[PDB]
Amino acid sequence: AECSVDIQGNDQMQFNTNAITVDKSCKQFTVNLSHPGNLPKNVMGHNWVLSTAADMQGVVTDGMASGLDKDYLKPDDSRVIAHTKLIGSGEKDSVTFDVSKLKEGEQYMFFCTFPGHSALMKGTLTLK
């Protein structure tokens, strides 16, 4: 089983994957995010945030009102399962989480919470 995935967030406000499959055999799953763009995090910042499909809209909405200093995330938001930090050009960050935090038959969504980005920067994550 491949228990990790390398994802990129660029200046065109896009992730390089629209779907992630987490194999059931994995105990932990790792997401390695990088920013191959030229723009700084205050204008084109990207983070990889995971939540259930049902909680996405809430996380994104409250996230934007939180500000840059809060990584565009509502402090202690229980709806967030896992997340990388907000990164800009030339930066990278990884996040590892327990696969047991996920369940079969529930749709998950990964997305960037920087203002307006989730319009394009989002995708599905499923446990199979």
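Residue positions are given as counts along the sequence shown, with the first one as 1.
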query = Between 34-42 and 64-72, which has the larger average Cα B-factor in the PDB entry?
reply = 64-72
inquiry  = When the Cα temperature factors in the entry are averaged, is it 21-29 or 105-113 that ends up higher?
reply    = 21-29
Third of the chain's Cα B-factor distribution that residue 124 belongs to, per the entry = lowest
remark   = In terms of its chain's C-alpha B-factors, the third that includes residue 100 is the highest
request  = Classify residue 52 as lowest, middle or highest third according to the C-alpha B-factor given in the PDB entry, relative to its own chain.
outcome  = lowest
note = On the chain's distribution of Cα B-factors, residue 78 falls within the third called highest
